[PDB]
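Accompanying notes for the structure given below.
Proteins get letters first, then strands, A, B, ... in listed order; numbering begins at 1 in each. Just so it is clear, the values below take in all heavy atoms, side chains as well, and ignore hydrogens, waters and symmetry mates.
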Amino acid sequence: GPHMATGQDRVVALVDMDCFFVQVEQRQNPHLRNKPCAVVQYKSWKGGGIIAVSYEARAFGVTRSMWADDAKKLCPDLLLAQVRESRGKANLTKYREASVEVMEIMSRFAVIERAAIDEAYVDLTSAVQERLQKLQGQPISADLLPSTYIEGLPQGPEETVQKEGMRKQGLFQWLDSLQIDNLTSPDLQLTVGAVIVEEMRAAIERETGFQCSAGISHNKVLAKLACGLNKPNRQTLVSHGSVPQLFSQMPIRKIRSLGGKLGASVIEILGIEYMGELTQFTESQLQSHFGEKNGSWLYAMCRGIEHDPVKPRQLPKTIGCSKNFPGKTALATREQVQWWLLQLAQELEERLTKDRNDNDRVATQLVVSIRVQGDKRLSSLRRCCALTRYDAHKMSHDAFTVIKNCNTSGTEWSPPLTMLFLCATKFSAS
DNA sequence: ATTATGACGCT
DNA sequence: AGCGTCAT
Ligand SMILES: Nc1ncnc2c1ncn2[C@H]1C[C@H](O)[C@@H](COP(=O)(O)NP(=O)(O)OP(=O)(O)O)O1
Ligand SMILES: [Mg+2]
Ligand SMILES: [Mg+2]
């Protein structure tokens, strides 16, 4: 009753750039715009690996982690842009710089947490407060929300047959039910959050050309879930009240962090399918199956409640370079291993020097990760050393020193290496 | 031969 | 410190 928290204390958004690498290439090459298009890295093996897909191409069944030669089977007129290759490896600088463009625009509106190169959470609570003070009493026009969907609406009682008519009918029902006079209203606060996110997305598109989708809700998990409900180039508001119906048919694997082994164990141990079915277990039961942390998180989350804060962090925490050496390309000699460590270290030094100049910080730890042929784990081995100088030869030599005992016997390297990974971590101000 | 990255938890 | 998990 009057003491049960409802998780309605914040307004949180998740902004996702639509098929981001594709949009970057389409801005650069207008011939790719409004066409079935994909971004591919490498070329020789099966036409290269597709890593990003325009929505026009997705309509043909093209997906990420598909060989370009196969995608061309589904979509013969598919257009391709290739990731830049530098020092024998993919070089993602263009997309990192485009991401900075977008994140810097977002940070004018509110505090952002950079979740991925194409994804940021937005803590809007303060901004909504301020905007509500700017409009105390003024109702919110549907015109301020021209790309917003209200999840769960319309509901109940002929233009209902087109998606935009559905969208506007749901929005109308929502706005007609609002109570503009109450400044503490969670639904009103979400609505103003959505107004601000429309403004943010307009500014991103005006100033970069890039479109995005967004979710607006009371916490990061719901905002992330909401963002995916209406894509591309749209945004979705998930209210607290929408959660019981939304979760009642929502596969557990769709909630962030439950798409892997933990979600699978939840399904198998509890014998359920949908997020809402979790409400019928006590907090102690969930803790007994999944641990104290996971159980408390599940108990609250299936009720729409989550407390993970939007961390104020615009910049990545790590700067890493890695390359897989699959199949017959696996590294089998000492010279090979050392040459590729050098290539990785040279890209790393370039990026680290640029980072130190841009962001007034220096990395202090170098993490060296490798995978050995036959091992299915992402990393077979991780070892750290001190990162004391932004010097590619020193960094590559140090990484070799740290990994070289993994070699059984040689000039020869066995077992062959299928992955090398250098990561600069543990930044401090400079 | 479903990349090249990121973020983060457990012990 | 080193390994495991989750994500596109
Ligand atoms: N596994 C991977 N390999 C390469 N690039 C990747 C990647 N995962 C993400 N990216 C980068 C490169 C891609 O630009 C993007 C793909 O990740 P989403 O954000 O999950 N999906 P998208 O942006 O394509 O569209 P939308 O979310 O609107 O549906 O992020
Ligand atoms: Mg995206
Ligand atoms: Mg994304």
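Counting non-hydrogen atoms under 4.0 angstrom, A:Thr329 reaches a base of the nucleic acid. Nucleic acid contact for A:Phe20: none, since no nucleic acid atom lies under 4.0 Å from a heavy atom of the residue.
Going from atom CD of A:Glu119 over to atom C1' of C:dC6 covers 12 Å, rounded to whole Å. The CD1-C1' distance, from A:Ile50 to B:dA4, rounds to 16 Å in whole Å. Summarising the geometry, the separation between CG on A:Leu420 and P on B:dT3 is reported as 15 Å, rounded to the nearest angstrom. Atom CH2 in A:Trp45 sits about 12 Å away from atom P in B:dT3, given to the nearest Å. Rounded to whole Å, the distance from CZ on A:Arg371 to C1' on B:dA1 is 10 Å. Atom CD of A:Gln23 is separated from atom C1' of C:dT8 by 15 Å (rounded to the nearest Å). Note: CZ (A:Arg64) to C1' (C:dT8) measures 5 Å, nearest angstrom. One atom, CG of A:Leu262, and another, P of C:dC6, lie 6 Å apart when rounded to the nearest Å.
Remark: A:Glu85 does not engage A:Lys43 in a salt bridge, criterion side-chain N to carboxylate O under 4.0 Å. A salt bridge between A:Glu306 and A:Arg256 is present, with a side-chain N of the basic residue lying under 4.0 Å from a carboxylate O of the acidic one. Electrostatic pairing of A:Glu207 and A:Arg108 counts as a salt bridge here, judged by a charged N lying under 4.0 Å from a carboxylate O. Residues A:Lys261 and A:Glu268 are not paired through a salt bridge, judged by the lack of any N-O separation under 4.0 Å between the basic side chain and the carboxylate.
Distances shorter than 4.0 Å separate none of the side-chain N or O atoms of A:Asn324 from OP1 or OP2 on B:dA1.
For A:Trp67 and B:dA1, the ring-to-base geometry does not satisfy the stacking test (centroid distance below 5.5 Å, interplanar angle below 30°).
Checking side-chain atoms of A:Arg201 against main-chain N and O of A:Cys212 turns up a donor-acceptor pair under 3.5 Å.
Residue A:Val310 comes nearest to A:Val111 through the heavy atom pair CG1-O, 4.1 Å, listed as atom of the first residue, atom of the second, then distance.
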### Query
Nucleotide by nucleotide, 5' to 3', does protein get under 4.0 Å of the base (B), only the sugar-phosphate (S), or neither (-) in nucleotides 5-11 of chain B, counting heavy atoms?
BSSSSS-

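Residues from residues 213-231 of chain A that place a heavy atom under 4.0 Å from any atom of DNA chain B: there are none.
Here the separation of C:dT8 from B:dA1, taken at their P atoms, is 23 Å to the nearest Å.
Few gaps surround NZ on A:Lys72; more than 12 heavy atoms of other groups in view lie less than 6.0 Å from it.
Side-chain contact check for A:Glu412 and A:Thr333: no donor-acceptor pair (N or O, by modelled atom type) lies under 3.5 Å.
Residues A:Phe20 and A:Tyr95 keep their aromatic ring centres 6.0 Å or farther apart.
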